[PDB]
Amino acid sequence: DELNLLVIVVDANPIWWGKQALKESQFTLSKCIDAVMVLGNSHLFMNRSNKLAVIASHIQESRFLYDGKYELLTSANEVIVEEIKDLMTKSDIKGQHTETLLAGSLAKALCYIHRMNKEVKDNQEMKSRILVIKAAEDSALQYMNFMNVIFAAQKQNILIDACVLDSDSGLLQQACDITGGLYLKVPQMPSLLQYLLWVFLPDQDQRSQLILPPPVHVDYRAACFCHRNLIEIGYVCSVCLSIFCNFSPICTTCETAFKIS
Amino acid sequence: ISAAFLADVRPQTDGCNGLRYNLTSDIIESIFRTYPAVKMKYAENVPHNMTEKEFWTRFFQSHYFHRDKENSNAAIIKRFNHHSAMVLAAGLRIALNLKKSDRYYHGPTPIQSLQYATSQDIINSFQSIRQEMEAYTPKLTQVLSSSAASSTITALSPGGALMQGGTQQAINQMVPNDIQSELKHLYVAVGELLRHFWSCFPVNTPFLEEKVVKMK
Amino acid sequence: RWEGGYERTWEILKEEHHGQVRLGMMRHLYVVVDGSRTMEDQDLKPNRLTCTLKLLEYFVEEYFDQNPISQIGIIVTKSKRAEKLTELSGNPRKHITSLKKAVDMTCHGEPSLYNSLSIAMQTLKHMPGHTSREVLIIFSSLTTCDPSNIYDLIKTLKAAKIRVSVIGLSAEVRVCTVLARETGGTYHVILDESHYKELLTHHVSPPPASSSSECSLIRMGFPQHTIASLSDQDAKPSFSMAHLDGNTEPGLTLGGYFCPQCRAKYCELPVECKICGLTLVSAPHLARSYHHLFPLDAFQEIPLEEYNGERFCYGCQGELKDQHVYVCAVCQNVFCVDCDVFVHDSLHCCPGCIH
Amino acid sequence: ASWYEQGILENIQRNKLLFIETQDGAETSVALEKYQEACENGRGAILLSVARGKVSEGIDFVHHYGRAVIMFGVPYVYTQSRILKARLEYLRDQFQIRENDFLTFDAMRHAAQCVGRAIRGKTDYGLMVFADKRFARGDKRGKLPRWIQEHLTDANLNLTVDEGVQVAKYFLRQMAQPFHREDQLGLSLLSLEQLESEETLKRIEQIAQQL
Amino acid sequence: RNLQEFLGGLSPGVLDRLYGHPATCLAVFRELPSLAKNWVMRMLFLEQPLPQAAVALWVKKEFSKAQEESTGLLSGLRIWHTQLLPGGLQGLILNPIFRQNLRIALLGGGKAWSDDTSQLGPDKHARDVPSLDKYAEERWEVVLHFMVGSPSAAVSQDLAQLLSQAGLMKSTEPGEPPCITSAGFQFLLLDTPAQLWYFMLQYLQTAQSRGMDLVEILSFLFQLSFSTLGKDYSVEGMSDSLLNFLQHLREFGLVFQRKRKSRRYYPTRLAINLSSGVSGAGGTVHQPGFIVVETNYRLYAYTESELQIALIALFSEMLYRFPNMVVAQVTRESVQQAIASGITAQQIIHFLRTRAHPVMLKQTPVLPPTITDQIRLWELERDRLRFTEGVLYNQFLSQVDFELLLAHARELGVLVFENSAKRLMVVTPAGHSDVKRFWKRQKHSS
Ligand SMILES: [Zn+2]
Ligand SMILES: [Zn+2]
Ligand SMILES: [Zn+2]
Ligand SMILES: [Zn+2]
Ligand SMILES: [Zn+2]
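First to last, the protein sequences are chains L, A, B, X and R. Going letter by letter, the first sequence gives residues 6 to 71, 98 to 292 in full-length UniProt numbering. Going letter by letter, the second sequence gives residues 166 to 233, 296 to 320, 372 to 494 in full-length UniProt numbering. Going letter by letter, the third sequence gives residues 10 to 24, 48 to 387 in full-length UniProt numbering. Per full-length UniProt numbering, the very first residue in the fourth sequence carries number 550; after that it's consecutive. Per full-length UniProt numbering, the very first residue in the fifth sequence carries number 17; after that it's consecutive.
Here you go:
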């Protein structure tokens, strides 16, 4: 009755992968797609009760991706390859939006997990975990939405694992620390698949017995909105919770004067 | 004050002729509050005219406690009304509209390293990947190699870069338990003294200056 | 005279968000629980005490989840006396342990609302004006004993600007209703366990800030998780200040959280520093209440037959087979019943709006 | 007296304070004042009066004062008074009215006077209990006010103590829920615009009946 | 016995030959523990041997026993092997054939076992999944009726020969139907998946008798395990031994085939769960419970097939036979008769729990505890007398000599019972000669 769900979100930013292709590095988007498909096939391979959900995170939108080889695995690979090709060939850059829609893909994944849990019969319990690979740079405007997704995931008690490839993100570190997930940056991209198998593939019960590298240290500094500089102790607004380094009579955000006599 | 101090409180009969009075002072005070006559009798009789236990026995045997026919019914009604009156008498004796919501979009997160790329050539690179993965075929051998696997194992091996640090030292056995207790006591004392020190701060009155000097 | 005839032959026959207003950013909530003989009643299975305390644990968990910067105090009124069951703090483990211990208590005597309210006011007397003073009372019995006039205490509480909310179990009490109305709180009556849970969930959300609510610029610190390594010469193990308060020997931790103002060491957050009074919080804790700032408005309900559009949900890609379809006001997406309920209750954000 | 001797009244006093009126109106007023103060002090106060006493004559109950009114039997007048017998005989000989019918009418009028003062409006709700099997009689039941008899559900006819307590609990819980005057608009309360509606006027005309 | 127990006892050559089938590798991996699965996934692309210490350092110290269990299971199945790593180390490396077939199955490549039976187009006489399931039920019902001996069930003689070799029914008198033994009764009282699993295990134990390739049969069974219910496959491409085994399965109802010459075959759910044995299929939607048990030890059956009637009559006294109802009574005499027949109490309790009526399922206990306890007591009554033949030694003159002889007997493991207080002991008759010789030799050395 142990249903293990591994939802995989792929950063499908065309800008970062195009730049990487210009670099002519050993690792390309094709290798990443192959590694993701192999990891999903292994996840479904370990147990029948295991379920796989793959959603592509693209700037335009979030795409629900899903002969001697297994029929179900072959069908899943063909569906995934068809969907990613359909998205990428029709992915036309129309606008200055460069940051990938990370928050929307996470929200759609959470909705899918909730729908599956409702569809899951009471005879079985559906353990859910999410693994997200980070390739491009992080998004600043999605910070509030990212935090809201983190809180909902913690409320539903769903592990969130982050796999940084090139650019680190403290938001992912905080998400892994809060939700209990694993955060790690892969130094050698061609070896990435093994990092998926050796670390992220085992479930939390399996990860318990296995000895794993210690989690990365995460800080929780704050930026003072008047200059967005890191601060230790700041003045917090009682109305709109805005933080200021120096005492002010009137808050800039909520426009409420501080009635301190 | 509860009205059950008489009905619920009964002379407790033990197994063999035991009058377990359990005359707690709480019940006596409730009786005095409800019935000042009992207090007056106690003051005028105990302990000279009669003992406390004798007075309680008389009260139990008196008609005051055993109130139990028109005259009898009227007497019972009057007693209940008087008790209720005495108990009652003794019972007394803003719409918010923020200006800059974008602060929530980029909150306590400091200014990041968000860098914009080059000019239109990036779109051409966007074309390149668009042309690179337009005709894509799955690969198996190219995914992993023996050398890459060995490097990953070495990184994941104990003592490697990924396996940060390792075993530590038992600090518990290095510090004697008596020294630990003394350190705890010193920590508590210093914390209380510093709490008293910071309580004065900020110093807005001259007395706080002297108090902080004494604390130092 | 019914003995004349009797036959059954014929029986053998074939057949709710408010407006964009200020709320309780800082909350100091105290819980009052009745401990009278009426708590032994079986109105809620199995009895009032066990179900009430389980729902209290759930309420505490949800309240700490939604209000990281709040405080919870537990007061039990038994035998016409008030006992501070749990100290006013923000630790959920201590509150849960205290409630579990109180599960096996004895319910006897009569409630004493006056004593509990006086104790709460004395505790909340020293609290700053900007912090909101909130009182929750569980009133099982319909009668209470007050050693003094309660109306004077009601006036004192009104002058102290303390909010009192009462959730009765049997029926409505006029005195409690008047007290709740004067203190600005809400009075409720329990219909069943589900109604009790709904009332608790409603009371989890901060009450709207009144006109008399203060607006002061409070200063807070956000220390990092300072962890010391024994390999480094700068490893100084020290017992946590909070752990010193317990009878058990505190654990000598190598690192943790150190107060930026006075170097006070604490192993739990968000906990206000006891030495200098600084409130040591974290960035996720502050953002945990941002959903209250921007509530998610209810989506338009249009039945599937009357909606001629996409047949797949925008949130879960599920085929729209429900009799009702929820469409967002901003991006006009398509959401099924499950996704609409989850977004309104938990997500509080629309994926299309984020896009 | 029997309650006190049996000891059951002791538990009643433990639950709520007990106040019993007497023949003297001077102390009766003090008892009523104490009852009202206790009801306003949050402590239960119970009043035990007679259908012919001063309480049933000129005492009015606020919503929190008329929560529960219980009539112990049909208050038939003491027939040994020859004045009552002579009046009944005169009424029968001059109006063809049976003495039993007149006695039942008078008793039901007294009961309605005792119970009808517990409601002060839409926001006022109270409990009415009639502890007697005789009220189940059709002739006796039919002599109740229409605004009260209409709400007399047959499912509550001749219940027991436990059933009455359960129904009282259900009614109290249902009617203690928060309510808004806006809900009364169009159903039990009419605004200025609702008066102009001809359908509302027709409903008002259908509400009243002439006999 | 589970599947892995039979696999673990196979010769290395059989395991190596089975490793050439990617479906076999998939089944083996699925049957491994989660820790073993993680270890295999780690070593999927590892072309170099892994030092044993490095492998052991992965798991927690507390979970070492579980780690050692997984290591021993992997070693016994020959999934991996130890290699003399240079420098004196003992590296661990997966089987190259097994690893290659696993990669072929997962990563792709290789060749399909079935040649896309859609070449023949749609089946003109195709059936439905409920029809296939009913036919599978009917065939096993026929087999069970034949085992009972009813004339309504007529099966092939070689099928009865398998039972005779299995020992369920012994042909004491040729020409007459064989008498089913106690083992046959125990087999009948087992649940249908358990019965099928035990029958297939017995068939495998005597697979070499028919000259059928064990490797081919096991691989074919593994392929049928992952097959899709209601989908046909190509008969072509199989050896004559495989064709005969497929015909046998068709006779068992596990495989549907309209004619012996048909090129299509539909695997059934029973064959799908056959590889898993008794576990795996936790959500078996069996027939609704038709047996109602009353406090007066009365059984009411809402069944009409004579198989269930005979099963109930095996340990109960029949009372009434209605067209849609069978009324019997549970009696001590019938229970003792069943016990003498070899029936154990647990089998009856489990069978009754399986056939529990939905009305009785409403009760917190599935069956009345008093009835179960009475059945257990009746079972315990039979074995009150414990018979143990042996030789008694009681003439010990010295305590030291008695202790020495007792120690020698315990060394030999032939001790039956000992009484140190009275210097009395009991030894096995087979071990009596050895103990007697030792005792005589001790006097000789004296
Ligand atoms: Zn502000
Ligand atoms: Zn600043
Ligand atoms: Zn401090
Ligand atoms: Zn949906
Ligand atoms: Zn929207």
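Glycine included, each C-beta is placed from N, C-alpha and C at the ideal position.
In the three-state DSSP reduction, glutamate 168 of chain L falls in the coil class, being neither helix nor strand.
Any heavy atom of ligand 1 within less than 5 Å of a residue's beta carbon puts that residue on the list, which reads L/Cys268, L/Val270, L/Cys271, L/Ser273, L/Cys282, L/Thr284, L/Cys285. Identification of chain X residues near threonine 109 of chain B by a Cβ-Cβ cut-off of 9 Å yields none; the smallest Cβ-Cβ distance measures about 13 Å. In the pairwise beta carbon analysis, the segment 599-611 of chain X is classified as not touching the segment 386-403 of chain A: fewer than three pairs are separated by under 8 Å. Using a Cβ-Cβ cut-off of 9 Å, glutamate 21 of chain R does not count as an interface residue toward chain A, since no Cβ of chain A sits closer than that to its own. In the displayed model, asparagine 260 of chain L falls within a strand according to three-state DSSP. For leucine 422 of chain R, the enclosing alpha helix (DSSP H) begins and ends at 415-428. Contacts between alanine 617 of chain X and chain B, judged by CB atoms closer than 7 Å, are missing: the closest CB pair is about 10 Å apart.
In this structure, the C-beta of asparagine 9 of chain L stays at least 8 Å away from each heavy atom of ligand 5. Looking at the DSSP output, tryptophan 156 of chain R sits in no beta bridge, so it has no partner there. In this structure, the C-beta of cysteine 276 of chain L stays at least 8 Å away from each heavy atom of ligand 4. Here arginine 68 of chain L carries a strand assignment [DSSP, helix/strand/coil].
If you look at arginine 631 of chain X, you'll find it in the alpha helix (DSSP H) that goes 631-644. Checking the 8 Å criterion, the Cβ of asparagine 365 of chain B is within range of a heavy atom belonging to ligand 5.
Taking a C-beta distance under 9 Å as the contact criterion, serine 279 of chain L and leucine 310 of chain B do not qualify as a contact pair. Chain-ordered listing is empty here: chain L has no CB closer than 7 Å to the CB of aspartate 372 of chain B, the nearest sitting near 10 Å. Residue pairing by DSSP leaves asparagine 111 of chain R without any beta bridge partner. Relative to ligand 3, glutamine 256 of chain B has its C-beta separated by 8 Å or more from all heavy atoms. Going down the chain, each residue whose beta-carbon is closer than 7 Å to a heavy atom of ligand 4 shows up: L/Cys142, L/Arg146, B/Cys345, B/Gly347, B/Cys348, B/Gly350, B/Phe367, B/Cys368, B/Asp370, B/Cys371. Using beta-carbon distances, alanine 317 of chain A does not count as an interface residue toward chain X, since no partner is under 9 Å. Exposure of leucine 464 of chain A is indicated by the presence of fewer than 16 other C-beta atoms within 10 angstroms of its C-beta. Residue-level contact by beta carbon fails for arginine 371 of chain R and chain L, as no gap is shorter than 9 Å. Excluding sequence positions up to five before and after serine 180 of chain R, its CB lies within less than 8 Å of the CB of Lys186, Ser187, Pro194, all in the same chain and listed in chain order. In terms of Cβ geometry, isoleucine 304 of chain A and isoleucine 595 of chain X do not form a close pair [threshold 9 Å].
If you look at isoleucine 291 of chain L, you'll find it isn't in any beta strand (DSSP E); DSSP assigns it neither H nor E.
Bounds of the alpha helix (DSSP H) holding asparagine 450 of chain A are 449-452.
For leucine 19 of chain R, the uninterrupted alpha helix (DSSP H) run begins and ends at 19-24, by DSSP. Nearest in C-alpha terms to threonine 175 of chain B, of all of X/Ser578, X/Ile557, X/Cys588, is X/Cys588. The beta carbon of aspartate 32 of chain R sits closer than 8 Å to those of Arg94, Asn111, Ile113, all from its chain and outside the five residues before and after it, given in chain order.
For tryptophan 19 of chain B, there is no enclosing beta strand (DSSP E), as DSSP marks it with neither H nor E. When secondary structure is reduced to three states using DSSP, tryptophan 455 of chain R falls in the helix class. Contacts between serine 379 of chain A and chain X, judged by CB atoms closer than 9 Å, are missing: the closest CB pair is about 33 Å apart. Closest in C-alpha terms to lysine 149 of chain L, from the list B/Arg125, B/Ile386, B/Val373, comes B/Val373. Only residues of its own chain outside the window of five on either side were considered, and among them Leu422, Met441 have a CB closer than 7 Å to the CB of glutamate 434 of chain R, listed in chain order.
Counting only residues of its own chain and dropping the five nearest sequence neighbours on each side, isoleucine 111 of chain L has a CB closer than 7 Å to the CB of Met42, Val59, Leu70, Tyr71. For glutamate 142 of chain B, the C-beta contacts it makes with chain A under 9 Å involve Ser167, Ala169, in order along the chain.
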